[PDB]
Each structure stands twice: as structure tokens, then as C-alpha cells.
$ cat final-v8.pdb   # PDB, C-alpha atoms and all ligand atoms
ATOM      1  CA  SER A  96     -95.541 143.491  55.669
ATOM      2  CA  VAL A  97     -96.202 139.864  54.771
ATOM      3  CA  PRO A  98     -95.157 137.025  57.180
ATOM      4  CA  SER A  99     -92.674 134.663  55.578
ATOM      5  CA  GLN A 100     -94.021 131.336  54.334
ATOM      6  CA  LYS A 101     -90.605 129.961  53.423
ATOM      7  CA  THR A 102     -90.195 126.360  54.465
ATOM      8  CA  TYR A 103     -87.402 126.135  57.017
ATOM      9  CA  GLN A 104     -86.774 122.745  58.531
ATOM     10  CA  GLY A 105     -83.970 124.208  60.654
ATOM     11  CA  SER A 106     -81.575 122.401  62.998
ATOM     12  CA  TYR A 107     -84.313 120.145  64.499
ATOM     13  CA  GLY A 108     -85.538 118.932  61.097
ATOM     14  CA  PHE A 109     -89.040 120.301  61.591
ATOM     15  CA  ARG A 110     -91.685 118.918  59.141
ATOM     16  CA  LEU A 111     -95.462 118.721  59.261
ATOM     17  CA  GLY A 112     -97.674 115.705  58.837
ATOM     18  CA  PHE A 113    -101.450 115.455  58.623
ATOM     19  CA  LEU A 114    -104.171 112.930  59.544
ATOM     20  CA  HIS A 115    -107.758 112.116  58.509
ATOM     21  CA  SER A 116    -110.241 113.446  61.094
ATOM     22  CA  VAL A 122    -114.728 113.975  57.011
ATOM     23  CA  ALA A 123    -113.889 116.724  59.486
ATOM     24  CA  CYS A 124    -110.352 117.238  58.130
ATOM     25  CA  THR A 125    -108.356 115.884  55.131
ATOM     26  CA  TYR A 126    -105.004 116.899  53.622
ATOM     27  CA  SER A 127    -103.866 116.922  50.015
ATOM     28  CA  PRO A 128    -100.129 116.350  49.614
ATOM     29  CA  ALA A 129    -100.447 117.319  45.943
ATOM     30  CA  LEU A 130    -101.967 120.702  46.741
ATOM     31  CA  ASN A 131    -100.261 121.071  50.151
ATOM     32  CA  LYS A 132    -103.801 121.943  51.260
ATOM     33  CA  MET A 133    -106.006 121.092  54.195
ATOM     34  CA  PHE A 134    -109.791 120.901  53.681
ATOM     35  CA  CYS A 135    -111.756 120.998  56.904
ATOM     36  CA  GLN A 136    -115.148 121.742  58.411
ATOM     37  CA  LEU A 137    -115.825 124.861  60.511
ATOM     38  CA  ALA A 138    -115.051 124.319  64.247
ATOM     39  CA  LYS A 139    -114.083 120.658  63.778
ATOM     40  CA  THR A 140    -110.833 118.986  64.869
ATOM     41  CA  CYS A 141    -107.837 119.464  62.532
ATOM     42  CA  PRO A 142    -104.959 117.303  63.685
ATOM     43  CA  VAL A 143    -101.597 118.750  62.553
ATOM     44  CA  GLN A 144     -98.484 116.664  63.313
ATOM     45  CA  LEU A 145     -95.101 118.156  64.237
ATOM     46  CA  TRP A 146     -92.226 115.838  63.229
ATOM     47  CA  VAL A 147     -88.658 116.590  64.273
ATOM     48  CA  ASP A 148     -85.357 114.756  63.727
ATOM     49  CA  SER A 149     -84.160 115.773  67.189
ATOM     50  CA  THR A 150     -85.969 117.145  70.185
ATOM     51  CA  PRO A 151     -86.261 120.921  70.673
ATOM     52  CA  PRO A 152     -85.583 122.171  74.183
ATOM     53  CA  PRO A 153     -88.362 122.770  76.738
ATOM     54  CA  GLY A 154     -89.478 126.412  76.336
ATOM     55  CA  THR A 155     -89.792 125.871  72.584
ATOM     56  CA  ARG A 156     -93.175 127.113  71.360
ATOM     57  CA  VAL A 157     -95.382 126.427  68.366
ATOM     58  CA  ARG A 158     -97.226 129.282  66.665
ATOM     59  CA  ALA A 159    -100.011 129.152  64.049
ATOM     60  CA  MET A 160    -101.004 132.167  61.969
ATOM     61  CA  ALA A 161    -103.171 132.580  58.869
ATOM     62  CA  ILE A 162    -102.352 134.791  55.898
ATOM     63  CA  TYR A 163    -103.950 135.455  52.524
ATOM     64  CA  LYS A 164    -102.359 133.541  49.648
ATOM     65  CA  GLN A 165    -103.316 136.005  46.855
ATOM     66  CA  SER A 166    -100.976 138.993  46.361
ATOM     67  CA  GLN A 167    -103.851 141.523  46.321
ATOM     68  CA  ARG A 168    -104.733 140.673  49.944
ATOM     69  CA  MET A 169    -101.344 139.483  51.277
ATOM     70  CA  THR A 170    -100.959 142.491  53.628
ATOM     71  CA  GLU A 171    -104.506 142.087  55.003
ATOM     72  CA  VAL A 172    -105.123 140.473  58.429
ATOM     73  CA  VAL A 173    -107.036 137.205  58.180
ATOM     74  CA  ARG A 174    -109.829 137.198  60.731
ATOM     75  CA  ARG A 175    -113.338 135.921  61.319
ATOM     76  CA  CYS A 176    -116.160 137.578  59.406
ATOM     77  CA  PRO A 177    -118.352 140.025  61.365
ATOM     78  CA  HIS A 178    -121.070 137.374  61.597
ATOM     79  CA  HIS A 179    -118.932 134.649  63.162
ATOM     80  CA  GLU A 180    -117.178 137.130  65.421
ATOM     81  CA  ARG A 181    -120.603 137.715  67.079
ATOM     82  CA  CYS A 182    -121.636 134.023  67.291
ATOM     83  CA  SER A 185    -115.997 131.394  72.467
ATOM     84  CA  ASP A 186    -114.576 128.959  75.013
ATOM     85  CA  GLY A 187    -113.660 132.143  76.951
ATOM     86  CA  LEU A 188    -110.104 131.526  75.782
ATOM     87  CA  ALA A 189    -110.003 132.538  72.101
ATOM     88  CA  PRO A 190    -110.738 136.217  71.303
ATOM     89  CA  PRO A 191    -113.858 136.378  69.068
ATOM     90  CA  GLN A 192    -111.950 137.760  66.061
ATOM     91  CA  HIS A 193    -109.431 134.889  65.899
ATOM     92  CA  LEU A 194    -109.887 132.449  63.058
ATOM     93  CA  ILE A 195    -107.633 129.701  64.454
ATOM     94  CA  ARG A 196    -108.171 128.066  67.825
ATOM     95  CA  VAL A 197    -106.474 125.132  69.569
ATOM     96  CA  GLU A 198    -108.614 122.546  71.350
ATOM     97  CA  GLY A 199    -107.569 120.053  74.016
ATOM     98  CA  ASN A 200    -104.660 122.110  75.386
ATOM     99  CA  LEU A 201    -104.668 123.921  78.782
ATOM    100  CA  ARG A 202    -101.778 126.253  77.776
ATOM    101  CA  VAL A 203    -102.994 128.038  74.616
ATOM    102  CA  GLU A 204    -101.964 131.667  74.199
ATOM    103  CA  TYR A 205    -103.936 133.943  71.855
ATOM    104  CA  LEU A 206    -101.761 136.675  70.555
ATOM    105  CA  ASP A 207    -102.126 139.929  68.613
ATOM    106  CA  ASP A 208     -99.187 141.572  66.932
ATOM    107  CA  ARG A 209     -98.497 145.130  68.204
ATOM    108  CA  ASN A 210     -97.524 146.451  64.798
ATOM    109  CA  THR A 211     -99.402 144.392  62.222
ATOM    110  CA  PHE A 212    -102.550 143.435  64.189
ATOM    111  CA  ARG A 213    -102.170 139.846  63.012
ATOM    112  CA  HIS A 214    -103.588 137.118  65.227
ATOM    113  CA  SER A 215    -101.808 133.934  66.180
ATOM    114  CA  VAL A 216    -102.234 131.051  68.553
ATOM    115  CA  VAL A 217     -99.312 129.539  70.463
ATOM    116  CA  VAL A 218     -98.862 126.377  72.523
ATOM    117  CA  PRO A 219     -95.701 124.993  74.220
ATOM    118  CA  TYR A 220     -93.913 122.361  72.177
ATOM    119  CA  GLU A 221     -94.357 118.892  73.696
ATOM    120  CA  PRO A 222     -92.401 115.806  72.551
ATOM    121  CA  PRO A 223     -94.408 112.949  70.986
ATOM    122  CA  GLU A 224     -96.860 110.936  73.123
ATOM    123  CA  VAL A 225     -96.832 107.167  73.566
ATOM    124  CA  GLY A 226     -97.539 105.315  70.331
ATOM    125  CA  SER A 227     -96.516 108.220  68.167
ATOM    126  CA  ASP A 228     -93.389 109.514  66.463
ATOM    127  CA  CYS A 229     -94.878 113.038  66.171
ATOM    128  CA  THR A 230     -96.641 115.665  68.228
ATOM    129  CA  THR A 231    -100.227 116.403  67.333
ATOM    130  CA  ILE A 232    -101.945 119.740  67.811
ATOM    131  CA  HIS A 233    -105.671 119.979  67.191
ATOM    132  CA  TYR A 234    -106.588 123.239  65.453
ATOM    133  CA  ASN A 235    -110.114 124.489  64.768
ATOM    134  CA  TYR A 236    -110.917 126.997  62.067
ATOM    135  CA  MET A 237    -113.767 129.237  63.139
ATOM    136  CA  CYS A 238    -115.050 130.788  59.894
ATOM    137  CA  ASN A 239    -115.765 129.382  56.394
ATOM    138  CA  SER A 240    -113.537 130.210  53.399
ATOM    139  CA  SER A 241    -116.679 131.551  51.641
ATOM    140  CA  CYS A 242    -117.864 133.924  54.385
ATOM    141  CA  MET A 243    -118.537 137.333  52.780
ATOM    142  CA  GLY A 244    -116.919 140.170  54.733
ATOM    143  CA  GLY A 245    -114.183 137.789  55.900
ATOM    144  CA  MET A 246    -112.160 135.417  53.710
ATOM    145  CA  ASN A 247    -114.929 135.732  51.095
ATOM    146  CA  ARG A 248    -113.510 132.860  49.036
ATOM    147  CA  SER A 249    -109.845 133.988  49.194
ATOM    148  CA  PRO A 250    -107.464 131.070  49.905
ATOM    149  CA  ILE A 251    -105.376 131.314  53.076
ATOM    150  CA  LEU A 252    -102.186 129.623  54.311
ATOM    151  CA  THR A 253    -101.582 128.597  57.873
ATOM    152  CA  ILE A 254     -97.947 129.115  58.819
ATOM    153  CA  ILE A 255     -96.633 126.970  61.687
ATOM    154  CA  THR A 256     -93.470 128.266  63.307
ATOM    155  CA  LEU A 257     -91.296 126.555  65.915
ATOM    156  CA  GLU A 258     -89.799 129.288  68.095
ATOM    157  CA  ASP A 259     -87.731 129.725  71.200
ATOM    158  CA  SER A 260     -89.006 131.425  74.322
ATOM    159  CA  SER A 261     -88.006 134.871  72.991
ATOM    160  CA  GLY A 262     -89.748 134.411  69.669
ATOM    161  CA  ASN A 263     -86.682 133.525  67.563
ATOM    162  CA  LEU A 264     -87.213 131.244  64.608
ATOM    163  CA  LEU A 265     -86.316 127.569  64.960
ATOM    164  CA  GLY A 266     -88.372 126.157  62.046
ATOM    165  CA  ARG A 267     -91.210 126.990  59.676
ATOM    166  CA  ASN A 268     -93.688 125.186  57.394
ATOM    167  CA  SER A 269     -97.042 126.062  55.913
ATOM    168  CA  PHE A 270    -100.145 124.671  54.255
ATOM    169  CA  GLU A 271    -103.132 126.083  52.371
ATOM    170  CA  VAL A 272    -106.538 125.735  54.035
ATOM    171  CA  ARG A 273    -110.114 125.674  52.803
ATOM    172  CA  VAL A 274    -112.800 125.641  55.476
ATOM    173  CA  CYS A 275    -115.861 124.145  53.777
ATOM    174  CA  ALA A 276    -119.040 122.049  54.155
ATOM    175  CA  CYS A 277    -117.702 118.823  52.570
ATOM    176  CA  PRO A 278    -113.830 118.692  52.742
ATOM    177  CA  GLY A 279    -113.673 115.310  50.987
ATOM    178  CA  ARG A 280    -115.686 116.386  47.995
ATOM    179  CA  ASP A 281    -113.873 119.707  47.709
ATOM    180  CA  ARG A 282    -110.452 118.033  47.843
ATOM    181  CA  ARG A 283    -111.436 115.733  44.942
ATOM    182  CA  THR A 284    -112.726 118.687  42.889
ATOM    183  CA  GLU A 285    -109.515 120.696  43.329
ATOM    184  CA  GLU A 286    -107.234 117.690  42.685
ATOM    185  CA  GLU A 287    -109.100 116.908  39.446
ATOM    186  CA  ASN A 288    -108.500 120.476  38.280
ATOM    187  CA  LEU A 289    -104.797 119.474  38.494
ATOM    188  CA  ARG A 290    -104.763 116.642  35.928
TER     189      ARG A 290
HETATM  190 ZN    ZN B   1    -117.615 133.560  58.924
END
$ encode --input "final-v8.pdb" --output "C-alpha cells"
Amino acid sequence: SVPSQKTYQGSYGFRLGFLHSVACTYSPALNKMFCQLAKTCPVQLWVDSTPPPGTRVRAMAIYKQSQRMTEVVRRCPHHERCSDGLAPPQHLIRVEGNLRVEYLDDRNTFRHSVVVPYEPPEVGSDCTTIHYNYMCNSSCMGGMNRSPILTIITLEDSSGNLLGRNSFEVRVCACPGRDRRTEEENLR
């Protein structure tokens, strides 16, 4: 199967925002994050009303291209062998700066995902920020090998039921800023 990427703002009005970290930069035009391997990628959760406690936030990668859409995205054999003792070595996406990160493997599809409890916004902020880290380069042969991926962020209840969904393309690369410019120029 292929995980849905259909935007679903849902009853809480769930949207994503993005911040400069260049460790991490987001193109609204491309709906695409460009980021460096292992660096901080701040992703903002915006809601119109507050989800209940017990609400959870999952991140999962999938291949964008139809020829690989059913394939599990995971770290290349090299980077697998390179943890914090939290993230399983195979998992492409980690969360940093959170004591309650769950690393999950689907029973049926073998897809990886990383889940944290939903927290309402901190002081000074209208949104909740999660700091992801991507642990393998888009160009790694024997992994992504240049195939684009999407990260899907799902808001869920405690039983795993869908409350909201949004998604963004990701390229993990040496110079996010330069690569963003190159891809945005190919637009005009
Ligand atoms: Zn790699």
C-alpha cells in the first residue's frame, strides 16, 4: 500500500509552518524542505483549536515517485552502520529535544515512523515546534539514491485515528540554500 498524503486540516484546523534553521529552509512554492544531514529541522504545528491531551504527532517518509511509492524509505546501509540509543539505526527521521519520542515500525508494511505527544504552543509562540533530524542524504546510493521523498505529519488520537494530515517534500543535501534556489529557478 501507499500511505495517504492527502492534506486534511480536520476539525482542529491543523496546518504546518516552517522556520529557517543554513541547516534547514522551506520553499512554499515547492512545498519542499531542504536540510542538512543530522541538523535541526524545525516544523511548526498550527491549529485553530487545541487538540485534547493524548493527541499524538507522527512523522513518516515515503517515496514521491510512483515507481518506488510502495517501497519503505530507510537509511542506506552505510548510514545504518554509522544512534542516541533511542532511534533504531534504520530510521531516517529522528526527533531531537524531546524526552517522549516513540520509534515505531508498522507490523504489516514495515514502514518506520516517529511519534511524539502533541503539546500546545510554548510562551512567545502561536504554534508548536518539533525538531526533526534526517539521518541520510537524498543522494545516498542504496538508500534514497536521489529519489525525492515526502514527510507526512499526522495528528492522531491515542488509538491511532486520524485527526489531521499534511505533508512536505524533503531533500537532505550539503547546501540547502543553494539547492532551494536551483530548484525554484527551474520553476520560472
Ligand atoms: Zn545514507
$ residues_near_point --input "final-v8.pdb" --point "(-102.0, 136.7, 66.6)" --cutoff "9 Å" --atoms "only C-alpha atoms" --output "NGL selection string"
:A and (158-161 or 193 or 205-208 or 212-217)
$ residues_near_ligand --input "final-v8.pdb" --ligand "ligand ZN 1 (chain B)" --cutoff "12 Å" --atoms "all atoms listed in the file" --output "PyMOL selection string"
chain A and resi 137-138+173-182+191-194+236-248+274-275
$ atom_distance --input "final-v8.pdb" --atom1 "CA of residue 224 (chain A)" --atom2 "CA of residue 136 (chain A)"
25.8 Å
$ residues_around --input "final-v8.pdb" --residues "residue 133 (chain A)" --least-positions-apart "5" --cutoff "6 Å" --atoms "only C-alpha atoms" --output "PDB file with C-alpha atoms, in the coordinates of the input"
ATOM      1  CA  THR A 125    -108.356 115.884  55.131  1.00  0.00           C
ATOM      2  CA  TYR A 126    -105.004 116.899  53.622  1.00  0.00           C
ATOM      3  CA  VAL A 272    -106.538 125.735  54.035  1.00  0.00           C
TER       4      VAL A 272
END
$ atom_distance --input "final-v8.pdb" --atom1 "CA of residue 202 (chain A)" --atom2 "CA of residue 127 (chain A)"
29.4 Å
$ axis_aligned_box --input "final-v8.pdb" --around "region 267-273 of chain A" --padding-each-side "8 Å" --output "lines of an AutoDock Vina configuration file"
center_x = -100.7
center_y = 125.8
center_z = 56.0
size_x = 34.9
size_y = 18.3
size_z = 23.3
$ closest_residue --input "final-v8.pdb" --among "A:156, A:235, A:170, A:222" --to "residue 262 (chain A)" --atoms "all atoms listed in the file"
A:156
$ resolve_selection --input "final-v8.pdb" --expression "the PyMOL selection byres (((chain A and resi 97) around 7) and not hetatm)" --output "PyMOL selection string"
chain A and resi 96+98-99+169-170
$ residues_around --input "final-v8.pdb" --residues "residue 285 (chain A)" --least-positions-apart "3" --cutoff "10 Å" --atoms "all atoms listed in the file" --output "list in words"
residues 127, 130, 132, 280, 281, 282, 288, 289 and 290 of chain A
$ atom_distance --input "final-v8.pdb" --atom1 "CA of residue 155 (chain A)" --atom2 "CA of residue 197 (chain A)"
17.0 Å
$ closest_residue --input "final-v8.pdb" --among "A:189, A:147, A:114, A:265" --to "residue 233 (chain A)" --atoms "all atoms listed in the file"
A:114
$ closest_residue --input "final-v8.pdb" --among "A:256, A:149, A:144, A:269" --to "residue 107 (chain A)" --atoms "all atoms listed in the file"
A:149
$ resolve_selection --input "final-v8.pdb" --expression "the PyMOL selection byres (((chain A and resi 223) around 12) and not hetatm)" --output "ChimeraX atom specification"
/A:144-151,220-222,224-232
$ closest_residue --input "final-v8.pdb" --among "A:279, A:154, A:104, A:166" --to "residue 251 (chain A)" --atoms "all atoms listed in the file"
A:166
$ residues_around --input "final-v8.pdb" --residues "residue 135 (chain A)" --least-positions-apart "3" --cutoff "6 Å" --atoms "only C-alpha atoms" --output "PyMOL selection string"
chain A and resi 123-124+274+278
$ residues_near_point --input "final-v8.pdb" --point "(-97.8, 125.4, 77.3)" --cutoff "7 Å" --atoms "all atoms listed in the file" --output "number ranges by chain"
A: 202-203, 218-219
$ closest_residue --input "final-v8.pdb" --among "A:287, A:152, A:113, A:164" --to "residue 253 (chain A)" --atoms "only C-alpha atoms"
A:164
$ decode --input "final-v8.pdb" --residues "region 136-223 of chain A" --atoms "C-alpha atoms" --output "CSV table (one decimal), in the first residue's frame"
chain,number,residue,atom,x,y,z
A,136,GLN,CA,21.5,19.2,6.1
A,137,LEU,CA,22.0,15.6,7.4
A,138,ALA,CA,21.5,15.3,11.2
A,139,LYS,CA,20.8,19.0,11.6
A,140,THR,CA,17.8,20.6,13.3
A,141,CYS,CA,14.6,20.9,11.2
A,142,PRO,CA,12.0,22.9,13.0
A,143,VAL,CA,8.5,22.0,11.8
A,144,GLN,CA,5.6,24.1,13.3
A,145,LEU,CA,2.2,22.6,14.1
A,146,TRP,CA,-0.6,25.3,13.9
A,147,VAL,CA,-4.1,24.6,15.0
A,148,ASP,CA,-7.3,26.7,15.1
A,149,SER,CA,-8.4,25.0,18.3
A,150,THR,CA,-6.5,22.8,20.8
A,151,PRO,CA,-6.5,19.0,20.4
A,152,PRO,CA,-7.0,17.1,23.6
A,153,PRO,CA,-4.2,15.7,25.7
A,154,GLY,CA,-3.4,12.2,24.4
A,155,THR,CA,-3.3,13.6,20.9
A,156,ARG,CA,-0.1,12.4,19.1
A,157,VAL,CA,2.0,13.6,16.2
A,158,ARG,CA,3.5,11.1,13.8
A,159,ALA,CA,6.1,11.7,11.0
A,160,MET,CA,6.7,9.2,8.3
A,161,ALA,CA,8.7,9.3,5.0
A,162,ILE,CA,7.5,7.9,1.7
A,163,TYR,CA,8.8,8.0,-1.9
A,164,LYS,CA,7.2,10.6,-4.1
A,165,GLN,CA,7.8,8.8,-7.5
A,166,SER,CA,5.2,6.2,-8.4
A,167,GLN,CA,7.9,3.5,-9.3
A,168,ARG,CA,9.0,3.4,-5.6
A,169,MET,CA,5.8,4.5,-3.8
A,170,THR,CA,5.4,1.1,-2.2
A,171,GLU,CA,9.0,0.9,-1.0
A,172,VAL,CA,9.9,1.6,2.6
A,173,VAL,CA,12.1,4.8,3.0
A,174,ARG,CA,15.0,4.0,5.2
A,175,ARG,CA,18.7,4.9,5.8
A,176,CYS,CA,21.2,3.5,3.4
A,177,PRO,CA,23.3,0.5,4.6
A,178,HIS,CA,26.3,2.9,5.2
A,179,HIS,CA,24.4,5.3,7.5
A,180,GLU,CA,22.6,2.5,9.2
A,181,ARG,CA,26.1,1.3,10.5
A,182,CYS,CA,27.4,4.8,11.4
A,185,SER,CA,22.3,6.5,17.5
A,186,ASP,CA,21.3,8.3,20.6
A,187,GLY,CA,20.2,4.9,21.8
A,188,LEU,CA,16.7,6.0,21.1
A,189,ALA,CA,16.3,5.9,17.3
A,190,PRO,CA,16.6,2.4,15.7
A,191,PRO,CA,19.6,2.6,13.2
A,192,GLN,CA,17.4,2.1,10.1
A,193,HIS,CA,15.1,5.1,10.8
A,194,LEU,CA,15.6,8.0,8.6
A,195,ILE,CA,13.7,10.5,10.7
A,196,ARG,CA,14.6,11.3,14.3
A,197,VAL,CA,13.2,13.9,16.8
A,198,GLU,CA,15.7,15.8,19.0
A,199,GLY,CA,15.0,17.7,22.2
A,200,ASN,CA,12.0,15.6,23.3
A,201,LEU,CA,12.1,13.0,26.2
A,202,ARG,CA,8.9,11.2,24.9
A,203,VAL,CA,9.8,10.1,21.3
A,204,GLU,CA,8.5,6.8,20.2
A,205,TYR,CA,10.1,5.0,17.2
A,206,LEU,CA,7.6,2.7,15.5
A,207,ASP,CA,7.6,0.0,12.9
A,208,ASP,CA,4.5,-1.0,11.1
A,209,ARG,CA,3.6,-4.7,11.6
A,210,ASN,CA,2.3,-5.1,8.0
A,211,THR,CA,4.2,-2.7,5.9
A,212,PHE,CA,7.5,-2.4,7.7
A,213,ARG,CA,7.3,1.4,7.4
A,214,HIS,CA,9.1,3.4,10.1
A,215,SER,CA,7.6,6.4,11.9
A,216,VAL,CA,8.5,8.6,14.8
A,217,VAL,CA,5.8,9.9,17.2
A,218,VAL,CA,5.7,12.5,20.0
A,219,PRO,CA,2.8,13.6,22.2
A,220,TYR,CA,1.1,16.8,20.9
A,221,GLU,CA,1.9,19.8,23.2
A,222,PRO,CA,0.2,23.2,22.9
A,223,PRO,CA,2.3,26.2,21.9
